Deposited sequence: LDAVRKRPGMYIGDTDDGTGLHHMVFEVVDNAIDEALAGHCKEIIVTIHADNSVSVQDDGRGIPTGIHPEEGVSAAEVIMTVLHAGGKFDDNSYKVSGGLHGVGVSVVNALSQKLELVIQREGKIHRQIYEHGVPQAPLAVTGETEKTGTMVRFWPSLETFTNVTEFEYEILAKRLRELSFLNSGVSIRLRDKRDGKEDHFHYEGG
């Protein structure tokens, strides 16, 4: 990840005007949609939290959790720490990132700070559901000037995406003012 940290603008875009900031959300959304479109009648939920973090949930299969034979860490950690631009770029430029994977009847949790895992991916409990949740806090050391998520930039993009992803339910939630949208195109 040091290549991304050295020149953030090359990977995410302009880190001052707010375009790069919103590309962080859209990069995570692209991966969640990729997963959701591969399943049956899946759903993604994008939530803007009151602390200006954004979470993206899907109810797909979950990011693989088994140990990568070569790397010697969970497949999820390899995806988060090895260099669409990739979710690893979002991880590298986030001061905090929370990963929650529900898979094979088990809840897996891991926390990152500036791309560095604070502990190995850990099975913390049990679940009947499946899916992946990524919540990230953009790094205020990288993202300057424009540091808050505009609802309409996310809402407009998710509406456009809905028509290219048939059968995928897309929900947007703003916990700052309670505003919410539901985009669900069922064509084809």
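S.K.: In sequence order, which parts of the deposited sequence are missing C-alpha coordinates?
M.R.: Comparing the full sequence with the modelled residues, the uncovered range comes out as just 84 to 101.
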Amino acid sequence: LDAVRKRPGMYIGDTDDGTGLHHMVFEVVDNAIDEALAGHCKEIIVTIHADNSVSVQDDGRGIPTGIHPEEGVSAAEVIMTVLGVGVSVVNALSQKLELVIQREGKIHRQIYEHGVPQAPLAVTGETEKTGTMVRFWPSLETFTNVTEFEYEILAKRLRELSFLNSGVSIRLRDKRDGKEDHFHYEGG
From here on, numbers count along this sequence of modelled residues.
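Basically, rigid core = biggest C-alpha set you can superpose within 1.5 Å across the two forms.
S.K.: How do 40 to 48 and 59 to 67 compare in 8 other deposited structures of this protein: which one has C-alphas farther from this form after the rigid core is matched?
M.R.: Farther on average in 8 other deposited structures of this protein: 40 to 48.
S.K.: In 8 other deposited structures of this protein, superposed on the rigid core, which stretch sits farther off in Cα RMS terms, 84 to 92 or 104 to 112?
M.R.: Output: 84 to 92, the stretch lying farther off on average in 8 other deposited structures of this protein.
S.K.: State which stretch shows the higher mean Cα B factor in the entry: 145 to 153 or 25 to 33.
M.R.: In the deposited entry, the stretch with the higher C-alpha B-factor mean is 145 to 153.
S.K.: Would you tell me which stretch averages the higher CA B-factor in the PDB entry, 117 to 125 or 37 to 45?
M.R.: For C-alpha atoms only, the mean B-factor is higher in 37 to 45.
S.K.: Going by the CA temperature factor in the PDB record, which third of the chain does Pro64 belong to: lowest, middle or highest?
M.R.: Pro64: CA B-factor falls in the middle third of its chain.
S.K.: Check where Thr130 lands among this chain's C-alpha B-factors and tell me if it's the lowest, middle or highest third.
M.R.: Middle third by C-alpha B-factor.
S.K.: For the chain shown, is the CA B-factor of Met80 in the lowest, middle or highest third of its modelled residues?
M.R.: Middle third of the chain for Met80's C-alpha B-factor.
S.K.: Would the CA B-factor of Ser162 place it in the lowest, middle or highest third of its chain?
M.R.: CA B-factor rank for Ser162: lowest third.
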